[PDB]
Amino acid sequence: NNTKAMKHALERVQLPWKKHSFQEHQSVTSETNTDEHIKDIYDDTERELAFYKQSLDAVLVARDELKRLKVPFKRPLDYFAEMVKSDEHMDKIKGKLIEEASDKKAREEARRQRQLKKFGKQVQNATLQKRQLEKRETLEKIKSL
Amino acid sequence: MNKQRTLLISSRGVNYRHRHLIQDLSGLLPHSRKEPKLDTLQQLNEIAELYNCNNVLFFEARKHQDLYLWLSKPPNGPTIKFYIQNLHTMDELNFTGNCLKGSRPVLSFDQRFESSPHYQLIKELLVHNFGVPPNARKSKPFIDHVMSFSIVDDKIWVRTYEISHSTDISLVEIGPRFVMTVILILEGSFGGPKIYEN
Amino acid sequence: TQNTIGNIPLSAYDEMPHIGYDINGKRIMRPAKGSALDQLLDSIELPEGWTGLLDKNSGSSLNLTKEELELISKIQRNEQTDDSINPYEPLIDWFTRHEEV
């Protein structure tokens, strides 16, 4: 595996990015980070965080570079175009999220209605006792004079 | 300044998951051309010439389990074969994506890309192959999604994330995600001596 | 393209004075600020180029030119399309020129 072949291939393929504005390149090399600091890639959780950080570094670099240039960065949200995910896909995802929320609400109601039914008689008795005690206290205070 | 085009070709046997992956790749890349099928290998270069296309992506598959990908410059450039194993399609509801179709992508390459000449070669190939030209016919002005590439354990991982703001920015994972290995590198487009072999 | 918008319904941008953003991200101000009389005239007597669907670059109807309509009509009734070619070229017998031995 001689490096000369790929070196010659690069000599023809490599473009003079350094001699042109970063807008043409539109690529950020997140160097200085060897990506060896990922804790237990096999955990399936730290790998995602490492990729998120590596992408955030490039995002910040691109934001700074494009702010150096005059190309707008933020989407005004007033420009409507063909989103990669069709409106049907977004509606389906919203429906899935609503289904998850409904499941959470159903669990909350299942963990409250049974207790309310069980304590309904106790709640009524406690309320009646409290009201009667308040009435007796008021009557005694009136009679105390 | 930068101007590039990509040709998408899929051989018989591409399952619906791989077909959806190719379709969403063609949507993320606005300078992409799609072809019906391919049968047999050097003919691929002619197809790119018919469209004056500067790049070609071929999704080979020996069996309908393991996807394979070829990235090359059709005229006389080298080609690299990727043995993709993991694959997540664009039709997954776990990721919420409002990315503009064909908008400018932002790349993210770690230091491993510069650690070897062939790593640099693949980095450049991804940069110009996946980097939409600023003045592409079907591109879009605003920037809404970014592309993340990280290589660990000798294989390159591909991730994509959408950007978001608030009333200072945040991003959420979008698009397909998979892992690609380096199998074989050829000096020429679908030919020549085998420079590198794992 | 010149508009950067895909196959999305034109219902949007009706209230705004622009139609999307072209390449490099600048507003495409709406030029179809016609008059009521012009709209009514084009409604009863539809223009020869009238096609119904609107253009992505402006709210005005994407009226087709008379040349395009001529080609459409030629195709629609089995007329010649690639003009300037003789439909009755003589049979140049290239193979008969040679003789077998």
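Scroll up a little and you will see the structure.
The rules behind the values
- Residues numbered from 1 in each chain as written, not as in the entry; some residues may be left out.
- Chains lettered and ligands numbered in written order.
- Part of a larger assembly, values for the part shown.
- Heavy atoms only, no water.
- Salt bridge = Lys/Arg side-chain N within 4 Å of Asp/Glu carboxyl O.
- Helix = DSSP H or I, 4+ residues; strand = E, 2+ residues; numbered from the N terminus.
- Buried < 20%, exposed > 50% of the residue type's maximum accessible area, 1.4 Å probe, protein only.
- Patch = residues over 30% accessible without salt bridge, like charges linked within 9 Å, V, L, I, M, F, W, Y side chains within 5 Å.
- Areas by Shrake-Rupley, 256 points an atom, 1.4 Å probe, with all protein chains shown as cover.
- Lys, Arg positive; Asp, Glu negative; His and termini not counted.
- Charge placed at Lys NZ, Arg CZ, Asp CG, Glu CD.
- Axes fitted to C-alpha atoms, helices over the stretch in contact; angles between N-to-C directions.
- Parallel < 35°, antiparallel > 145°, perpendicular 65-115°, else oblique.
- Left-handed = near helix turned anticlockwise from the far one by under 90°.
- Contact = heavy atoms within 4.5 Å.
- Nonpolar A, V, L, I, M, F, W, Y, C, P; charged D, E, K, R; others polar.

Chemist: I'd like a description of the pattern of salt bridges, backed by residues and values.
Modeler: Opposite charge on two side chains allows them to pair when their charged atoms are near. Within the structure shown, the criterion is met by 10 salt bridges over all chains. Taking the shortest distance from any N to any O, the salt bridge between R27 of chain C and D78 of chain A comes out at 3.4 Å. With one member in each of two chains, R27 of chain C in strand β2 (residues 27-29) and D78 of chain A in the loop between α3 (46-68) and α4 (87-110) form a pair that bridges those chains. On the basis of relative accessibility, which here comes to 38%, the residue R27 of chain C falls in the partly exposed class. A salt bridge links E60 of chain B to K81 of chain B; its shortest N-O distance comes to 3.6 Å. You can see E60 of chain B sitting in the loop between β3 (56-59) and β4 (67-72) and its partner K81 of chain B sitting in strand β5 (residues 79-84), a full 21 residues away along the chain. Here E60 of chain B matches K81 of chain B in class, with each residue buried. One network of salt bridges, with partners in common, ties together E48 of chain A together with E173 and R177 of chain B.

Chemist: Residue-level account of a negative patch on the surface, with values.
Modeler: On the surface, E48, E67, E68 and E70 of chain C cluster together into a negatively charged patch. By secondary structure assignment, the location of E70 of chain C is in helix α2 (residues 66-76).

Chemist: Tell me about the packing of helix α1 (residues 3-13) of chain A against helix α3 (residues 117-130) of chain B, residues and numbers included.
Modeler: Direction vectors running N to C along α1 of chain A and α3 of chain B enclose 25 degrees, while the axes themselves pass 9 Å from each other. By the angle between their axes, α1 of chain A is roughly parallel relative to α3 of chain B. Crossing hand, α1 of chain A versus α3 of chain B: left-handed. On the side of α1 of chain A, the interface is formed by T3, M6, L10 and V13 of chain A, while α3 of chain B contributes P117, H118, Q120, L121, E124 and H128 of chain B. Partitioned by chemical class, the residues of the contact of α1 of chain A with α3 of chain B number 5 nonpolar, 4 polar and 1 charged.

These results come straight from atomic positions and should not be treated as a statement about function.
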